[PDB]
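Residue numbers (the authors' numbering), protein chains in the order written: chain F, 11 to 52; chain E, 11 to 310; chain J, 1 to 166; chain G, 1 to 166; chain I, 1 to 166.
Where a beta carbon is used, it is the ideal one built from N, C-alpha and C, also for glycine.
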Amino acid sequence: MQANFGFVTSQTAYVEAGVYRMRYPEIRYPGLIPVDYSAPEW
Amino acid sequence: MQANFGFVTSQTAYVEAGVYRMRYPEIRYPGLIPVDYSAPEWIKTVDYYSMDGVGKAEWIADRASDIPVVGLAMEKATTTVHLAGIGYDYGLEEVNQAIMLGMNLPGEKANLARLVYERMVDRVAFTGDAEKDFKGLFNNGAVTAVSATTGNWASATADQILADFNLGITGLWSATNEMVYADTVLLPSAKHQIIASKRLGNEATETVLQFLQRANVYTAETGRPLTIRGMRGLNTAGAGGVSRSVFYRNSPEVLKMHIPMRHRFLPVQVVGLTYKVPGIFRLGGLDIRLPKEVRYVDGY
Amino acid sequence: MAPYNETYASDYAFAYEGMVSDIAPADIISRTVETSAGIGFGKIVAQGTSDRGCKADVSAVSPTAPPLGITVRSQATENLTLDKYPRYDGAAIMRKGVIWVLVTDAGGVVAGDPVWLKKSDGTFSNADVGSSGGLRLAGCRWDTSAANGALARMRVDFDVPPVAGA
Amino acid sequence: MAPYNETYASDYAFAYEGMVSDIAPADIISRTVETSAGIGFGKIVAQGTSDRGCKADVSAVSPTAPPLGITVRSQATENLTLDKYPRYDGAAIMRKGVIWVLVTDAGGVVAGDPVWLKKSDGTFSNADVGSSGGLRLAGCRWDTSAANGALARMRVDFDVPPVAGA
Amino acid sequence: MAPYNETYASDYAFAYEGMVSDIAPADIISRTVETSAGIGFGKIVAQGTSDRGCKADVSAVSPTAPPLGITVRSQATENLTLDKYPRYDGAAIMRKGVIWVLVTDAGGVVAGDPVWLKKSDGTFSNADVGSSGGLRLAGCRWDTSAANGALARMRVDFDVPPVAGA
């Protein structure tokens with residue numbers, strides 16, 4: 011888990027295309043809890 | 011079984027034209043393990059990239075400087091690729107003499123070398139050698155292996171069979187925090203027989219237990235079919251020598267096996283009335299990237 | 001497409017080793033790394049011999065020679081040392097803000113606690129070690145309850161002189 | 001279409017009694033068989049009385065009269081003796097390569113072990129018999145772990161003089 | 001256009017650490033590296049526990065458990081370890097040819113000398129250490145006069161059993 015924006019690319023290595031993002035559960039609230047936004051926002 | 015290139019025949023005898031070759035089990039890796047041949051023939055490692063972020067939100071009010079912050083990160087991972095090989099030889103009086111009987115000795119060896127080639131690739135893909143530490147699909151030590159719910163599948167009613175079968179899918183769903191579905195099931199072949207033969211515990215219609223094909227958890231929540239196969243080496247792969255079955259997703263992002271170079275043959279070296287012939291290849295061990303997407307159920 | 005080190009976490013984590021949390025004030029100070037190996041991100045540092053350098057060795061800090069500050073997570077650091085400030089590099093020390101650090105204590109810490117430094121290794125804890133091998137960073141406090149070996153954010157002020165504890 | 005001796009094996013076997021494994025060096029030597037019966041394929045041989053002959057009888061070998069070598073699987077051998085070199089035939093002795101042989105030991109052998117010859121029958125084993133009836137082939141070693149009565153490949157060098165063991 | 005490590009040498013050097021010198025015979029053997037770190041090029045190796053593996057640790061070799069051979073300079077070795085065979089890699093051991101190695105002796109060596117191995121580190125020298133910590137590789141000899149810490153080529157034959165020297 012390095013955090014340096016930088017990676018070394020070897021001359022005798024093969025790189026696969028595409029990056030993988032870690033998965034998090036779905037959001038599940040819309041459609042089950044009625045939510046409104048009609049109030050003046052302050 | 012002898013090795014003499016010769017048998018005594020007679021004049022009043024009819025020798026049949028064909029020859030029976032001793033049988034060996036099928037190959038069974040194509041179609042179950044994703045393999046690719048895209049990498050260059052002589053490469054050394056395969057590496058690849060991921061990323062994740064992290065933050066937290068908080069209750070703040072009344073003109074304060076306290077407002078929390080987020081952050082990001084990245085990561086890289088590596089595997090290796092190695093070389094192996096097999097080839098044959100013969101003497102000067104083994105080949106000029108096996109043409110007298112029309113046997114074509116050198117030509118019979120290359121075919122069988124390719125056969126043993128495929129045998130080796132299969133064994134590496136599905137088991138482990140403990141010389142290069144190539145853990146296989148049936149004995150990987152990073153995946154979770156649970157027992158069955160008191161099910162032997164002999165003297166067991168259809169309720170137990172269905173419960174045991176769906177245990178694997180539900181466990182794979184609960185082991186990844188309810189995110190993924192099992193796509194493929196591999197069972198020992200005897201158990202596949204027991205399922206395919208036993209009726210559904212019905213006097214009413216006597217339909218087979220392969221009603222499971224349309225009423226399992228995966229095929230029920232979604233519309234996609236489920237694939238069930240019977241394998242060969244799963245008879246005693248369990249914790250105490252018991253049968254093992256595997257539930258997994260069968261995607262190129264879960265399993266991966268690279269084979270840059272396939273089996274080829276090199277020219278013939280000649281040394282003192284002996285023709286030494288080499289032959290080489292190179293592959294990379296199987297790589298289970300997501301170990302929570304593979305599940306072992308023992309005791310069926 | 002790298003799925004290694006997948007743990008299927010319930011929700012997002014809190015922070016990383018040396019990340020800061022936004023607030024208006026912060027003394028961030030540029031120093032030059034003097035140790036042969038690098039210096040980690042959330043770490044304490046002492047006063048170097050180069051009149052603007054810093055060392056990761058805090059085995060000899062005292063009330064007369066107080067520690068200098070705490071490094072921060074930079075994310076642009078030469079990609080040869082994984083998460084460190086390489087030798088001869090700007091260090092970005094912080095001595096006023098609130099920063100996430102690593103806890104080294106058996107029972108953990110809670111919201112408002114003293115911060116004790118173990119001079120032997122340079123780890124933060126809740127109580128004194130007990131053999132003249134710990135300092136108390138007088139102006140410092142925690143801001144999170146955390147268990148052993150977890151990340152907790154603390155508020156830091158290095159102008160207050162430290163207190164020696166035997 | 002001969003299905004007798006079908007065992008439905010899991011996978012291919014390893015080798016046969018006297019087959020070699022490819023490698024660049026090999027001293028293969030042509031000798032003439034002197035015993036009335038033939039000589040088996042993976043067997044030890046002694047020095048004959050015909051100045052180029054060999055015998056399968058190694059009951060009298062000593063450090064002063066070392067054994068000659070090991071025969072190899074020829075596959076073109078007169079079809080009257082099943083797998084043997086008949087009397088008065090080129091023998092093809094080997095004394096440098098790596099060859100598959102048969103193990104005669106209770107506990108089996110592992111990768112690197114001494115090779116001991118039992119002069120009474122001419123069988124290879126791991127340890128000395130213990131009654132002045134065994135030799136040690138000084139330059140020789142195993143290359144496979146194998147159980148009793150199985151095939152194991154060993155590396156052989158017959159120019160190193162043998163060692164007598166009582 | 002890299003001019004660092006320029007010494008303006010009088011003429012070409014002789015060889016590198018583990019390079020071979022051409023000759024018709026050579027047993028080159030494929031083994032798998034077992035040590036966590038790699039193995040250098042001109043180095044001695046012992047018999048591994050994997051039935052085809054090798055280790056760089058020769059602190060326990062004896063006449064009963066002789067060393068296995070000497071690695072050779074491969075020049076295609078994964079570019080992550082500078083000049084080594086990484087873990088889990090084909091090792092290419094040699095046990096018959098003539099190879100350049102490094103001398104560790106005070107007075108140096110001359111053309112025909114015994115080769116003594118120091119079991120503590122695994123270095124070659126001219127005479128025995130003197131505390132039951134050295135072996136003599138019985139079939140081995142030098143082929144060049146060289147000073148301390150220089151490259152000398154030696155002729156090697158590992159089928160001859162070693163000799164223990166106290």
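Which listed residue (the options) has its alpha carbon closest to that of residue i
i: I/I70; options: I/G40, I/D83 and I/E78; result: I/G40
i: E/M110; options: E/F15, E/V195 and E/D62; result: E/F15
i: I/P67; options: I/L137, I/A152 and I/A147; result: I/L137
i: J/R141; options: J/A13, J/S125, J/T77 and J/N148; result: J/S125
i: I/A166; options: I/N148, I/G130 and I/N5; result: I/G130
i: E/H92; options: I/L82, I/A76 and I/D83; result: I/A76
i: G/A106; options: G/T64, G/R73, G/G149 and G/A65; result: G/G149
i: E/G243; options: G/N5, G/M1, G/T64 and G/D11; result: G/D11
i: residue 172 of chain J; options: J/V58, J/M94, J/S132 and J/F14; result: Shown here, chain J extends from 1 to 166; a query on residue 172 of chain J therefore has no answer.
i: E/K54; options: E/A247, E/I269, E/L276 and E/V304; result: E/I269
i: I/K119; options: I/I28, I/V58, I/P63 and I/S30; result: I/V58
i: G/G133; options: G/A60, G/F14 and G/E78; result: G/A60
i: residue 4 of chain E; options: E/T232, E/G146 and E/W163; result: Since the first residue of chain E shown is 11 and the last is 310, residue 4 of chain E is not available in this structure.
i: E/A249; options: E/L172, E/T232, E/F148 and E/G233; result: E/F148
i: E/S165; options: E/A87, E/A94, E/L276 and E/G211; result: E/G211
Residue i, DSSP secondary structure in three states
i: E/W69; result: coil
i: G/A164; result: strand
i: E/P301; result: helix
i: G/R31; result: coil
i: J/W100; result: strand
i: J/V72; result: coil
i: E/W183; result: helix
i: E/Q279; result: strand
i: J/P63; result: coil
i: E/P270; result: coil
i: E/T229; result: helix
i: I/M1; result: coil
i: E/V134; result: helix
i: E/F175; result: helix
i: E/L42; result: coil
i: I/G90; result: strand
i: E/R254; result: strand
i: E/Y127; result: helix
Contact set for residue i: own chain, Cβ-Cβ below 6 Å, skip 5 residues either direction
i: I/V33; result: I39, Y85, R87, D89 and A91
i: E/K66; result: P78
i: J/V160; result: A138 and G139
i: E/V252; result: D308 and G309
i: J/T104; result: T123 and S125
i: residue 232 of chain J; result: Since the first residue of chain J shown is 1 and the last is 166, residue 232 of chain J is not available in this structure.
Beta-carbon proximity list for residue i, same chain, < 7 Å, skipping 5 on both sides
i: E/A123; result: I96, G97, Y98 and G289
i: E/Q170; result: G161
i: E/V105; result: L115 and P116
i: E/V126; result: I96
Contacting residues, own chain, Cβ-Cβ under 8 Å from residue i (five flanking each side not counted)
i: E/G101; result: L283, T284 and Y285
i: J/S145; result: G108, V109, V110, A111 and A152
i: J/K43; result: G18, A56, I70, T71 and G122
| At a cut of 8 Å, does the stretch 141-158 of chain J reach the stretch 87-107 of chain J through at least three beta carbon pairs? | The stretch 141-158 of chain J is in contact with the stretch 87-107 of chain J.
| query | Does the stretch 109-117 of chain G come within contact of the stretch 33-53 of chain E, defined as at least 3 CB pairs closer than 8 Å? | reply | With a cut-off of 8 Å, the stretch 33-53 of chain E and the stretch 109-117 of chain G do not count as touching, because too few Cβ pairs lie within range.
| Would you call the stretch 188-206 of chain E and the stretch 254-264 of chain E in contact, with 3 or more CB pairs under 8 Å? | Contact between the stretch 188-206 of chain E and the stretch 254-264 of chain E is present, because at least three Cβ pairs lie under 8 Å.
| request: With 8 Å as the C-beta to C-beta threshold (strictly closer), list the residues of the stretch 12-29 of chain F near chain I in chain order. | output: The residues in question are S20, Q21 and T22.
| field | Selection of the stretch 56-88 of chain E by Cβ proximity to chain F, strictly under 7 Å | value | Within the stretch 56-88 of chain E, the qualifying residues are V56, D57, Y58, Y59, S60, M61, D62, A83, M84, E85 and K86.
| So does the stretch 2-20 of chain G actually touch the stretch 46-53 of chain G, counting three or more Cβ pairs closer than 8 Å? | Between the stretch 2-20 of chain G and the stretch 46-53 of chain G there are fewer than three inter-stretch CB-CB distances shorter than 8 Å, so the stretches are not counted as touching.
| query | Would the stretch 31-43 of chain F and the stretch 75-89 of chain E be scored as touching if the rule is three or more Cβ pairs under 8 Å? | reply | The answer is no - the stretch 75-89 of chain E does not touch the stretch 31-43 of chain F, with fewer than three Cβ pairs under 8 Å.
| said: Give me the subset of the stretch 87-117 of chain E whose CB atoms are less than 7 Å from a CB atom of chain G, sorted by chain position. | reply: Flagged, chain order: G97, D99, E103, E104 and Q107.
| query | When Cβ atoms are compared, which residues of the stretch 265-294 of chain E fall closer than 9 Å to chain B? | reply | Of the protein chains in the structure, F, E, J, G and I, none is chain B.
| said: When you compare the stretch 286-306 of chain E with the stretch 214-231 of chain E, are there three or more beta-carbon pairs, one atom per stretch, that lie closer than 8 Å? | reply: Segments in contact, no.
| message | Please identify, using Cβ separations under 8 Å, the residues of the stretch 133-147 of chain E that lie next to chain I, in order along the chain. | response | The residues in question are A140, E141, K142 and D143.
| field | Contacting positions in the stretch 40-72 of chain I - beta carbon closer than 9 Å to chain E | value | Going along the stretch 40-72 of chain I in chain order, one finds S50, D51, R52 and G53 with a Cβ nearer than 9 Å to chain E.
| field | Near-chain G residues of the stretch 133-164 of chain I (beta-carbon distance less than 8 Å), N- to C-terminal order | value | Residues of the stretch 133-164 of chain I that bring their beta carbon within less than 8 Å of a beta carbon in chain G comprise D159, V160 and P161, in sequence order.
| When Cβ atoms are compared, which residues of the stretch 189-205 of chain E fall closer than 7 Å to chain J? | So the list reads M189, given in the order they occur along the chain.
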